[PDB]
Amino acid sequence: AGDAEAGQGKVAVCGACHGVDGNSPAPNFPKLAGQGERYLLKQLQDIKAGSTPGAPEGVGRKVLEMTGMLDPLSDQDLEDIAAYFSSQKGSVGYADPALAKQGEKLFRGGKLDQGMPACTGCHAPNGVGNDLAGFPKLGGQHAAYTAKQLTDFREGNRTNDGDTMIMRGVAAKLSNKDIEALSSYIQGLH
Ligand code: HEM
Ligand code: HEM
């Protein structure tokens, strides 16, 4: 576990994009407030591993807006940082009724005919995720960010989901409209 108190002093450079409490400004910048600590810590290592200046291809998660930013932080530092954001309360967004209806259907039922499972098993009914298992909280996240992740998983641009490649196999059955409907519904999910 991490020391949130210590962690809040190690986040200066983060605030411009993620906000001081992790409740991001720009839609393309993922909110980190109230996200699970295990998931956060995991993304911090994947990001540090993949976004390091001379990083090898396909290792970790490459985030170019964060190149070499986590390199001087130790793993304990990352723990305090994850404990810091994780303890922040998340803001909720708005789900457009126009899209929410198809998003909810896809979220709760998946696409049985495609053999695509619903999202509720791993991300919980209200999108709060499963911290102990490391399944990310999804509710209230910026739609543009969620849409991008879903697209990335599908195009194989994000690969830090393991050997089971849980999200790449799920996302592979999603259409652009699906993703748009899902990302919008999840943004108002709370
Ligand atoms: C500062 C040291 C810092 C931290 C901490 C941080 C964390 C972080 C995480 C945990 C993610 C993943 C979130 C998730 O998976 O839900 C992530 C992703 C992005 N970040 Fe970040 N981030 C820090 C700093 C910054 C700064 C200063 C910027 C903006 C210039 C930035 C931006 C982004 C972007 C963009 C992503 C998402 C990338 C994508 O998948 O499209 N980060 N951050
Ligand atoms: C259902 C169609 C579905 C959605 C929607 C969904 C989305 C989703 C997103 C957008 C992420 C990234 C979150 C972030 O960057 O903050 C993501 C990541 C993971 N998911 Fe998922 N997910 C859906 C379904 C499922 C199912 C059925 C499972 C469990 C079998 C699951 C699990 C996970 C895991 C694990 C991750 C984390 C990947 C990592 O980098 O560690 N999802 N999901």
# chains A, B, ... in the order shown; residues from 1 in each chain; ligands from 1

call {"tool": "residues_near_ligand", "arguments": {"ligand": "ligand 1", "cutoff": "6 Å", "atoms": "only C-alpha atoms and all ligand atoms", "output": "PDB file with N, CA and C atoms, in the first residue's frame"}}
result
ATOM      1  N   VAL A  11       3.223  14.937  -6.910  1.00  0.00           N
ATOM      2  CA  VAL A  11       2.352  15.106  -8.074  1.00  0.00           C
ATOM      3  C   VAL A  11       2.292  16.491  -8.750  1.00  0.00           C
ATOM      4  N   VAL A  13       3.998  18.100 -11.235  1.00  0.00           N
ATOM      5  CA  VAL A  13       3.976  17.990 -12.692  1.00  0.00           C
ATOM      6  C   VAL A  13       2.684  17.382 -13.280  1.00  0.00           C
ATOM      7  N   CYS A  14       1.904  16.684 -12.458  1.00  0.00           N
ATOM      8  CA  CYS A  14       0.688  15.997 -12.910  1.00  0.00           C
ATOM      9  C   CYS A  14      -0.498  16.949 -13.029  1.00  0.00           C
ATOM     10  N   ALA A  16      -1.271  19.901 -14.080  1.00  0.00           N
ATOM     11  CA  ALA A  16      -1.627  20.641 -15.284  1.00  0.00           C
ATOM     12  C   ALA A  16      -2.614  19.849 -16.164  1.00  0.00           C
ATOM     13  N   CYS A  17      -2.370  18.551 -16.307  1.00  0.00           N
ATOM     14  CA  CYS A  17      -3.249  17.726 -17.104  1.00  0.00           C
ATOM     15  C   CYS A  17      -4.328  17.001 -16.315  1.00  0.00           C
ATOM     16  N   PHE A  29      -7.884  13.846 -21.133  1.00  0.00           N
ATOM     17  CA  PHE A  29      -7.043  13.526 -19.991  1.00  0.00           C
ATOM     18  C   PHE A  29      -7.885  12.748 -19.006  1.00  0.00           C
ATOM     19  N   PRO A  30      -7.493  11.503 -18.738  1.00  0.00           N
ATOM     20  CA  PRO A  30      -8.220  10.631 -17.817  1.00  0.00           C
ATOM     21  C   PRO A  30      -8.288  11.095 -16.391  1.00  0.00           C
ATOM     22  N   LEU A  40      -4.259   1.872 -10.567  1.00  0.00           N
ATOM     23  CA  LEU A  40      -3.407   3.039 -10.747  1.00  0.00           C
ATOM     24  C   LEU A  40      -1.939   2.646 -10.685  1.00  0.00           C
ATOM     25  N   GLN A  43      -0.946   0.847 -13.867  1.00  0.00           N
ATOM     26  CA  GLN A  43      -0.778   1.735 -15.033  1.00  0.00           C
ATOM     27  C   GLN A  43       0.489   2.587 -14.938  1.00  0.00           C
ATOM     28  N   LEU A  44       0.858   2.988 -13.719  1.00  0.00           N
ATOM     29  CA  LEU A  44       2.074   3.774 -13.472  1.00  0.00           C
ATOM     30  C   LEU A  44       3.330   3.025 -13.834  1.00  0.00           C
ATOM     31  N   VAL A  63       2.702   6.258 -23.345  1.00  0.00           N
ATOM     32  CA  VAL A  63       1.913   7.468 -23.257  1.00  0.00           C
ATOM     33  C   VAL A  63       2.917   8.559 -23.566  1.00  0.00           C
ATOM     34  N   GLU A  65       2.453  11.721 -23.878  1.00  0.00           N
ATOM     35  CA  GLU A  65       2.242  12.959 -23.132  1.00  0.00           C
ATOM     36  C   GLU A  65       2.914  12.839 -21.773  1.00  0.00           C
ATOM     37  N   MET A  66       3.511  11.682 -21.504  1.00  0.00           N
ATOM     38  CA  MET A  66       4.138  11.398 -20.223  1.00  0.00           C
ATOM     39  C   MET A  66       5.562  10.821 -20.348  1.00  0.00           C
ATOM     40  N   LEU A  70       7.993   9.497 -15.347  1.00  0.00           N
ATOM     41  CA  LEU A  70       7.953   8.654 -14.159  1.00  0.00           C
ATOM     42  C   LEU A  70       9.281   7.990 -13.862  1.00  0.00           C
TER      43      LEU A  70
END

call {"tool": "residues_around", "arguments": {"residues": "segment 179-188 of chain A", "least_positions_apart": "3", "cutoff": "7 Å", "atoms": "only C-alpha atoms", "output": "ChimeraX atom specification"}}
result
/A:92-96,99-100,102-104,106-107,138-143,146-147,150,174-176

call {"tool": "write_last_selection", "arguments": {"atoms": "N, CA, C and O atoms", "output": "mmCIF file, in the first residue's frame"}}
result
data_model
loop_
_atom_site.group_PDB
_atom_site.id
_atom_site.type_symbol
_atom_site.label_atom_id
_atom_site.label_comp_id
_atom_site.auth_asym_id
_atom_site.auth_seq_id
_atom_site.Cartn_x
_atom_site.Cartn_y
_atom_site.Cartn_z
ATOM 1 N N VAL A 92 -18.676 13.229 -11.174
ATOM 2 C CA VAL A 92 -19.504 12.493 -12.132
ATOM 3 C C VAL A 92 -19.768 13.383 -13.364
ATOM 4 O O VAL A 92 -19.734 14.624 -13.283
ATOM 5 N N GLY A 93 -19.938 12.744 -14.514
ATOM 6 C CA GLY A 93 -20.210 13.473 -15.727
ATOM 7 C C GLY A 93 -21.648 13.272 -16.119
ATOM 8 O O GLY A 93 -22.454 12.773 -15.336
ATOM 9 N N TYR A 94 -21.956 13.617 -17.361
ATOM 10 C CA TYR A 94 -23.319 13.525 -17.880
ATOM 11 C C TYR A 94 -23.421 12.519 -19.014
ATOM 12 O O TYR A 94 -22.558 12.444 -19.882
ATOM 13 N N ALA A 95 -24.468 11.721 -18.995
ATOM 14 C CA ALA A 95 -24.658 10.779 -20.070
ATOM 15 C C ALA A 95 -25.784 11.352 -20.912
ATOM 16 O O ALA A 95 -26.823 11.769 -20.379
ATOM 17 N N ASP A 96 -25.531 11.460 -22.209
ATOM 18 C CA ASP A 96 -26.520 11.955 -23.148
ATOM 19 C C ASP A 96 -27.590 10.882 -23.328
ATOM 20 O O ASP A 96 -27.288 9.808 -23.839
ATOM 21 N N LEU A 99 -27.699 8.665 -26.396
ATOM 22 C CA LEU A 99 -26.769 7.547 -26.546
ATOM 23 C C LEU A 99 -26.811 6.552 -25.405
ATOM 24 O O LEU A 99 -26.618 5.350 -25.606
ATOM 25 N N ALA A 100 -27.055 7.066 -24.204
ATOM 26 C CA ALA A 100 -27.061 6.284 -22.967
ATOM 27 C C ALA A 100 -27.836 4.992 -23.070
ATOM 28 O O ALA A 100 -27.421 3.975 -22.528
ATOM 29 N N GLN A 102 -28.364 2.945 -25.642
ATOM 30 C CA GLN A 102 -27.651 1.850 -26.298
ATOM 31 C C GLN A 102 -26.398 1.483 -25.519
ATOM 32 O O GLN A 102 -25.900 0.369 -25.630
ATOM 33 N N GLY A 103 -25.854 2.446 -24.788
ATOM 34 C CA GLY A 103 -24.682 2.185 -23.975
ATOM 35 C C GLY A 103 -25.052 1.272 -22.823
ATOM 36 O O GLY A 103 -24.366 0.298 -22.548
ATOM 37 N N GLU A 104 -26.150 1.574 -22.150
ATOM 38 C CA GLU A 104 -26.603 0.735 -21.064
ATOM 39 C C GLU A 104 -26.839 -0.704 -21.530
ATOM 40 O O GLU A 104 -26.376 -1.648 -20.887
ATOM 41 N N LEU A 106 -25.502 -2.302 -24.079
ATOM 42 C CA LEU A 106 -24.215 -2.944 -24.330
ATOM 43 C C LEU A 106 -23.467 -3.219 -23.025
ATOM 44 O O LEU A 106 -22.843 -4.259 -22.882
ATOM 45 N N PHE A 107 -23.572 -2.313 -22.061
ATOM 46 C CA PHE A 107 -22.854 -2.435 -20.791
ATOM 47 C C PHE A 107 -23.352 -3.607 -19.959
ATOM 48 O O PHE A 107 -22.545 -4.368 -19.417
ATOM 49 N N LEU A 138 -14.802 2.665 -13.861
ATOM 50 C CA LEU A 138 -15.076 3.259 -15.150
ATOM 51 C C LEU A 138 -16.045 4.416 -15.065
ATOM 52 O O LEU A 138 -15.919 5.370 -15.829
ATOM 53 N N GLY A 139 -16.973 4.360 -14.118
ATOM 54 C CA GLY A 139 -17.997 5.391 -14.025
ATOM 55 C C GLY A 139 -17.542 6.837 -13.891
ATOM 56 O O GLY A 139 -16.688 7.146 -13.066
ATOM 57 N N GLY A 140 -18.137 7.735 -14.662
ATOM 58 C CA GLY A 140 -17.768 9.141 -14.559
ATOM 59 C C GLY A 140 -16.532 9.570 -15.332
ATOM 60 O O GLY A 140 -16.155 10.727 -15.285
ATOM 61 N N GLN A 141 -15.896 8.645 -16.038
ATOM 62 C CA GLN A 141 -14.712 8.961 -16.819
ATOM 63 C C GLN A 141 -15.126 9.749 -18.062
ATOM 64 O O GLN A 141 -16.242 9.575 -18.554
ATOM 65 N N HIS A 142 -14.231 10.607 -18.558
ATOM 66 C CA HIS A 142 -14.492 11.400 -19.755
ATOM 67 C C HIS A 142 -14.703 10.485 -20.919
ATOM 68 O O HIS A 142 -13.844 9.672 -21.219
ATOM 69 N N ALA A 143 -15.768 10.735 -21.665
ATOM 70 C CA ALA A 143 -16.152 9.876 -22.762
ATOM 71 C C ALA A 143 -15.099 9.789 -23.822
ATOM 72 O O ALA A 143 -14.853 8.731 -24.380
ATOM 73 N N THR A 146 -12.478 7.367 -22.586
ATOM 74 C CA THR A 146 -12.984 5.996 -22.637
ATOM 75 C C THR A 146 -13.107 5.504 -24.083
ATOM 76 O O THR A 146 -12.701 4.375 -24.408
ATOM 77 N N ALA A 147 -13.622 6.363 -24.958
ATOM 78 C CA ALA A 147 -13.778 5.988 -26.352
ATOM 79 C C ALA A 147 -12.424 5.626 -26.913
ATOM 80 O O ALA A 147 -12.292 4.592 -27.555
ATOM 81 N N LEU A 150 -11.074 2.068 -25.598
ATOM 82 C CA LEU A 150 -11.837 1.039 -26.301
ATOM 83 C C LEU A 150 -11.380 0.860 -27.744
ATOM 84 O O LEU A 150 -11.222 -0.261 -28.219
ATOM 85 N N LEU A 174 -16.590 -4.537 -30.766
ATOM 86 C CA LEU A 174 -17.245 -3.236 -30.689
ATOM 87 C C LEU A 174 -17.133 -2.424 -31.993
ATOM 88 O O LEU A 174 -16.106 -2.418 -32.677
ATOM 89 N N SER A 175 -18.203 -1.729 -32.333
ATOM 90 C CA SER A 175 -18.197 -0.869 -33.499
ATOM 91 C C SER A 175 -17.982 0.537 -32.982
ATOM 92 O O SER A 175 -18.090 0.775 -31.780
ATOM 93 N N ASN A 176 -17.734 1.472 -33.890
ATOM 94 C CA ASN A 176 -17.555 2.862 -33.515
ATOM 95 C C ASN A 176 -18.774 3.417 -32.804
ATOM 96 O O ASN A 176 -18.645 4.249 -31.909
#

call {"tool": "atom_distance", "arguments": {"atom1": "atom CA of residue 7 of chain A", "atom2": "atom 43 (N, counted along the ligand's line) of ligand 2"}}
result
25.5 Å

call {"tool": "closest_atom_pairs", "arguments": {"of": "chain A", "to": "ligand 2", "cutoff": "6 Å", "atoms": "only C-alpha atoms and all ligand atoms", "output": "CSV"}}
result
residue,atom,partner,partner_atom_place_in_ligand_line,distance
A:107,CA,ligand 2,1 (C),5.4
A:110,CA,ligand 2,2 (C),5.7
A:117,CA,ligand 2,27 (C),5.4
A:118,CA,ligand 2,1 (C),5.0
A:119,CA,ligand 2,1 (C),3.4
A:121,CA,ligand 2,27 (C),5.8
A:122,CA,ligand 2,29 (C),4.1
A:135,CA,ligand 2,34 (C),4.7
A:136,CA,ligand 2,13 (C),5.6
A:146,CA,ligand 2,10 (C),4.6
A:149,CA,ligand 2,10 (C),5.3
A:150,CA,ligand 2,10 (C),5.3
A:160,CA,ligand 2,40 (O),4.8
A:161,CA,ligand 2,38 (C),4.2
A:166,CA,ligand 2,30 (C),5.8
A:167,CA,ligand 2,20 (N),5.4
A:182,CA,ligand 2,5 (C),5.9

call {"tool": "closest_residue", "arguments": {"among": "A:129, A:80, A:116, A:45", "to": "residue 168 of chain A", "atoms": "only C-alpha atoms"}}
result
A:116

call {"tool": "select_by_dssp", "arguments": {"residues": "segment 55-132 of chain A", "states": "helix (DSSP H, G or I)", "output": "mmCIF file with N, CA, C and O atoms, in the first residue's frame"}}
result
data_model
loop_
_atom_site.group_PDB
_atom_site.id
_atom_site.type_symbol
_atom_site.label_atom_id
_atom_site.label_comp_id
_atom_site.auth_asym_id
_atom_site.auth_seq_id
_atom_site.Cartn_x
_atom_site.Cartn_y
_atom_site.Cartn_z
ATOM 1 N N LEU A 64 2.838 9.090 -24.777
ATOM 2 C CA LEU A 64 3.749 10.139 -25.217
ATOM 3 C C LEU A 64 3.602 11.483 -24.502
ATOM 4 O O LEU A 64 4.517 12.296 -24.515
ATOM 5 N N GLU A 65 2.453 11.721 -23.878
ATOM 6 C CA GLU A 65 2.242 12.959 -23.132
ATOM 7 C C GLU A 65 2.914 12.839 -21.773
ATOM 8 O O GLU A 65 2.874 13.772 -20.984
ATOM 9 N N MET A 66 3.511 11.682 -21.504
ATOM 10 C CA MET A 66 4.138 11.398 -20.223
ATOM 11 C C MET A 66 5.562 10.821 -20.348
ATOM 12 O O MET A 66 6.089 10.286 -19.377
ATOM 13 N N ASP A 75 9.322 2.736 -7.039
ATOM 14 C CA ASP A 75 8.064 2.032 -6.960
ATOM 15 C C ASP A 75 7.256 2.387 -5.726
ATOM 16 O O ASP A 75 6.028 2.342 -5.751
ATOM 17 N N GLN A 76 7.939 2.791 -4.664
ATOM 18 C CA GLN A 76 7.260 3.233 -3.468
ATOM 19 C C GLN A 76 6.614 4.585 -3.763
ATOM 20 O O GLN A 76 5.522 4.880 -3.281
ATOM 21 N N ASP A 77 7.305 5.419 -4.534
ATOM 22 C CA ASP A 77 6.773 6.734 -4.926
ATOM 23 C C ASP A 77 5.470 6.541 -5.680
ATOM 24 O O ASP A 77 4.472 7.186 -5.369
ATOM 25 N N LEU A 78 5.496 5.635 -6.661
ATOM 26 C CA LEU A 78 4.314 5.288 -7.445
ATOM 27 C C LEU A 78 3.197 4.776 -6.529
ATOM 28 O O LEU A 78 2.016 5.088 -6.727
ATOM 29 N N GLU A 79 3.557 4.026 -5.497
ATOM 30 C CA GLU A 79 2.537 3.565 -4.575
ATOM 31 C C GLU A 79 1.887 4.713 -3.846
ATOM 32 O O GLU A 79 0.683 4.724 -3.645
ATOM 33 N N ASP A 80 2.685 5.678 -3.413
ATOM 34 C CA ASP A 80 2.123 6.812 -2.694
ATOM 35 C C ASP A 80 1.249 7.631 -3.641
ATOM 36 O O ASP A 80 0.194 8.126 -3.250
ATOM 37 N N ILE A 81 1.682 7.752 -4.893
ATOM 38 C CA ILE A 81 0.924 8.495 -5.886
ATOM 39 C C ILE A 81 -0.440 7.852 -6.163
ATOM 40 O O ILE A 81 -1.461 8.550 -6.220
ATOM 41 N N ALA A 82 -0.460 6.523 -6.292
ATOM 42 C CA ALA A 82 -1.693 5.768 -6.521
ATOM 43 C C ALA A 82 -2.585 5.859 -5.310
ATOM 44 O O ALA A 82 -3.794 5.951 -5.443
ATOM 45 N N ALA A 83 -1.995 5.826 -4.118
ATOM 46 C CA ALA A 83 -2.774 5.952 -2.896
ATOM 47 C C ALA A 83 -3.333 7.360 -2.788
ATOM 48 O O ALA A 83 -4.398 7.551 -2.208
ATOM 49 N N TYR A 84 -2.609 8.348 -3.325
ATOM 50 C CA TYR A 84 -3.072 9.743 -3.300
ATOM 51 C C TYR A 84 -4.304 10.010 -4.179
ATOM 52 O O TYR A 84 -5.276 10.604 -3.738
ATOM 53 N N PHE A 85 -4.236 9.624 -5.441
ATOM 54 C CA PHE A 85 -5.366 9.831 -6.361
ATOM 55 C C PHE A 85 -6.563 8.985 -5.967
ATOM 56 O O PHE A 85 -7.692 9.477 -5.866
ATOM 57 N N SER A 86 -6.281 7.724 -5.669
ATOM 58 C CA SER A 86 -7.282 6.775 -5.255
ATOM 59 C C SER A 86 -8.118 7.281 -4.098
ATOM 60 O O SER A 86 -9.286 6.920 -3.978
ATOM 61 N N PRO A 97 -28.857 11.180 -22.983
ATOM 62 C CA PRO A 97 -29.984 10.245 -23.100
ATOM 63 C C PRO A 97 -30.091 9.653 -24.492
ATOM 64 O O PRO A 97 -30.516 8.518 -24.672
ATOM 65 N N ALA A 98 -29.675 10.433 -25.475
ATOM 66 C CA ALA A 98 -29.694 9.997 -26.854
ATOM 67 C C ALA A 98 -28.838 8.744 -27.078
ATOM 68 O O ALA A 98 -29.220 7.858 -27.841
ATOM 69 N N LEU A 99 -27.699 8.665 -26.396
ATOM 70 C CA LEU A 99 -26.769 7.547 -26.546
ATOM 71 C C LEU A 99 -26.811 6.552 -25.405
ATOM 72 O O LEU A 99 -26.618 5.350 -25.606
ATOM 73 N N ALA A 100 -27.055 7.066 -24.204
ATOM 74 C CA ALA A 100 -27.061 6.284 -22.967
ATOM 75 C C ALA A 100 -27.836 4.992 -23.070
ATOM 76 O O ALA A 100 -27.421 3.975 -22.528
ATOM 77 N N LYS A 101 -28.980 5.045 -23.742
ATOM 78 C CA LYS A 101 -29.825 3.880 -23.898
ATOM 79 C C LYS A 101 -29.138 2.696 -24.588
ATOM 80 O O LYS A 101 -29.311 1.556 -24.161
ATOM 81 N N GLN A 102 -28.364 2.945 -25.642
ATOM 82 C CA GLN A 102 -27.651 1.850 -26.298
ATOM 83 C C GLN A 102 -26.398 1.483 -25.519
ATOM 84 O O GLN A 102 -25.900 0.369 -25.630
ATOM 85 N N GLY A 103 -25.854 2.446 -24.788
ATOM 86 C CA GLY A 103 -24.682 2.185 -23.975
ATOM 87 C C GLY A 103 -25.052 1.272 -22.823
ATOM 88 O O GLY A 103 -24.366 0.298 -22.548
ATOM 89 N N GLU A 104 -26.150 1.574 -22.150
ATOM 90 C CA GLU A 104 -26.603 0.735 -21.064
ATOM 91 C C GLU A 104 -26.839 -0.704 -21.530
ATOM 92 O O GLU A 104 -26.376 -1.648 -20.887
ATOM 93 N N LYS A 105 -27.537 -0.868 -22.653
ATOM 94 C CA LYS A 105 -27.788 -2.186 -23.234
ATOM 95 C C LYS A 105 -26.481 -2.948 -23.463
ATOM 96 O O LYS A 105 -26.358 -4.109 -23.087
ATOM 97 N N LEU A 106 -25.502 -2.302 -24.079
ATOM 98 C CA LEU A 106 -24.215 -2.944 -24.330
ATOM 99 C C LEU A 106 -23.467 -3.219 -23.025
ATOM 100 O O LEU A 106 -22.843 -4.259 -22.882
ATOM 101 N N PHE A 107 -23.572 -2.313 -22.061
ATOM 102 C CA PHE A 107 -22.854 -2.435 -20.791
ATOM 103 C C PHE A 107 -23.352 -3.607 -19.959
ATOM 104 O O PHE A 107 -22.545 -4.368 -19.417
ATOM 105 N N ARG A 108 -24.679 -3.757 -19.886
ATOM 106 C CA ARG A 108 -25.333 -4.819 -19.110
ATOM 107 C C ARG A 108 -25.511 -6.140 -19.820
ATOM 108 O O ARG A 108 -25.571 -7.167 -19.164
ATOM 109 N N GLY A 109 -25.641 -6.127 -21.141
ATOM 110 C CA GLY A 109 -25.878 -7.365 -21.858
ATOM 111 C C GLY A 109 -24.766 -7.793 -22.785
ATOM 112 O O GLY A 109 -24.700 -8.951 -23.184
ATOM 113 N N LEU A 112 -24.216 -11.081 -26.820
ATOM 114 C CA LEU A 112 -24.222 -12.545 -26.784
ATOM 115 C C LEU A 112 -23.958 -13.211 -28.132
ATOM 116 O O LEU A 112 -23.217 -14.187 -28.205
ATOM 117 N N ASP A 113 -24.579 -12.694 -29.186
ATOM 118 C CA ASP A 113 -24.404 -13.222 -30.545
ATOM 119 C C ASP A 113 -22.972 -13.142 -31.062
ATOM 120 O O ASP A 113 -22.587 -13.840 -31.998
ATOM 121 N N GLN A 114 -22.221 -12.206 -30.517
ATOM 122 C CA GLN A 114 -20.831 -12.044 -30.915
ATOM 123 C C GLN A 114 -19.994 -12.786 -29.900
ATOM 124 O O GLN A 114 -18.798 -12.936 -30.068
ATOM 125 N N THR A 120 -20.428 -5.548 -16.859
ATOM 126 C CA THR A 120 -20.781 -5.589 -15.448
ATOM 127 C C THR A 120 -20.064 -6.645 -14.605
ATOM 128 O O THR A 120 -19.862 -6.436 -13.408
ATOM 129 N N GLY A 121 -19.689 -7.768 -15.218
ATOM 130 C CA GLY A 121 -19.004 -8.816 -14.484
ATOM 131 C C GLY A 121 -17.686 -8.360 -13.890
ATOM 132 O O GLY A 121 -17.366 -8.659 -12.739
ATOM 133 N N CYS A 122 -16.921 -7.612 -14.675
ATOM 134 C CA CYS A 122 -15.629 -7.121 -14.226
ATOM 135 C C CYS A 122 -15.592 -5.675 -13.776
ATOM 136 O O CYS A 122 -14.742 -5.324 -12.979
ATOM 137 N N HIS A 123 -16.474 -4.835 -14.302
ATOM 138 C CA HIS A 123 -16.448 -3.435 -13.961
ATOM 139 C C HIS A 123 -17.560 -3.031 -13.054
ATOM 140 O O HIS A 123 -17.696 -1.855 -12.730
#

call {"tool": "atom_distance", "arguments": {"atom1": "atom CA of residue 56 of chain A", "atom2": "atom CA of residue 27 of chain A"}}
result
28.9 Å

call {"tool": "atom_distance", "arguments": {"atom1": "atom CA of residue 189 of chain A", "atom2": "atom CA of residue 34 of chain A"}}
result
13.8 Å

call {"tool": "select_by_dssp", "arguments": {"residues": "chain A", "states": "strand (DSSP E or B)", "output": "MDAnalysis selection string"}}
result
chainID A and resid 111 116 130 135

call {"tool": "residues_around", "arguments": {"residues": "segment 47-49 of chain A", "least_positions_apart": "5", "cutoff": "6 Å", "atoms": "only C-alpha atoms", "output": "PyMOL selection string"}}
result
chain A and resi 60-62+70

call {"tool": "closest_residue", "arguments": {"among": "A:162, A:90, A:190, A:37", "to": "residue 124 of chain A", "atoms": "only C-alpha atoms"}}
result
A:190
